Amino acid sequence: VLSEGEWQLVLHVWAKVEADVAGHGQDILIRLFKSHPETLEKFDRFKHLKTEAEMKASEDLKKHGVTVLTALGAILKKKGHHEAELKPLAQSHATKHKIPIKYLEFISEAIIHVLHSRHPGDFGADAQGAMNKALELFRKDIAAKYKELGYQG
Ligand code: HEM
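Written out as structure tokens, the structure reads:
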């Protein structure tokens, strides 16, 4: 469990992320797709994108980046009390989208990388540690739901 001090570090940088959700969403999805190409295959709507330039020019990709970050922000602001927000997500990602937990680990790495490049002053080692812990909590909770449903993997 994250301490009150750790949540403060997480939410402080997230407030900055909310200043430009669309730009952040783009950077994160593009990093995910370039670093782990297999993740792009899960998206019928993005499968046609072959270069970073094409990804950067896609308004649909930008719009969906807002979708991911808005859902994640709703979860982070619950400070661990995210049962109602996480349930629907785990259900859809395990049974409909078929996203293995490993991919959630990949997107967490992308999020951390982007926050570091855009918010150095508010994302030192202490904040990086807190953010990693918050993302691991998210993954641990999703993992349990996956196991219940028979998708642990
Ligand atoms: C922090 C991580 C994530 C969050 C908060 C998140 C959130 C969402 C949300 C809110 C939707 C909308 C409704 C729904 O279908 O449940 C969605 C759809 C989807 N997500 Fe994610 N997601 C995450 C990670 C991922 C990852 C890592 C992948 C794939 C590697 C993925 C693949 C999908 C797909 C395939 C859809 C549907 C796309 C479509 O409608 O065409 N998600 N996600």
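In UniProt numbering, the protein residues as written are 2 to 154.
In this text, a Cβ means the ideal position worked out from N, Cα and C, and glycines have one as well.
Relative to the ligand HEM, is the shortest distance from any of its heavy atoms to the C-beta of residue i smaller than 7 Å?
i           : result
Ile-100     : yes
residue 175 : Because the chain is modelled from 2 through 154, residue 175 falls outside the range shown and cannot be assessed.
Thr-40      : yes
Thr-96      : no
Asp-45      : yes
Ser-4       : no
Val-14      : no
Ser-36      : no
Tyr-104     : yes
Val-69      : yes
Roughly how many angstroms separate the alpha carbons of residue i and residue j, rounded to a whole number?
i           : j       : result
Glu-19      : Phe-107 : 22 Å
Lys-103     : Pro-38  : 13 Å
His-117     : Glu-5   : 22 Å
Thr-71      : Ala-16  : 12 Å
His-98      : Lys-43  : 7 Å
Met-56      : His-82  : 34 Å
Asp-61      : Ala-75  : 22 Å
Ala-23      : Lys-63  : 6 Å
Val-67      : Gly-26  : 6 Å
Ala-91      : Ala-85  : 11 Å
residue 155 : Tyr-152 : Residue 155 cannot be examined here, being either before or after the span of the chain that is shown, 2 to 154.
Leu-41      : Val-69  : 15 Å
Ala-135     : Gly-122 : 19 Å
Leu-73      : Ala-144 : 16 Å
Pop quiz: residue i and residue j are said to be a contact at Cβ under 8 Å. What is the actual Cβ separation, rounded to whole angstroms?
i           : j       : result
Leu-33      : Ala-111 : 4 Å
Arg-140     : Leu-105 : 5 Å
residue 155 : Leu-138 : What is shown of the chain runs 2 to 154, which leaves residue 155 out entirely.
Residue ranges of each alpha helix (DSSP H) run of no fewer than 4 residues wholly in the UniProt domain "Globin" (2 to 148), ordered along the chain? 5 to 18, 22 to 36, 53 to 58, 60 to 77, 84 to 92, 102 to 119, all fully within the UniProt domain "Globin" (2 to 148).
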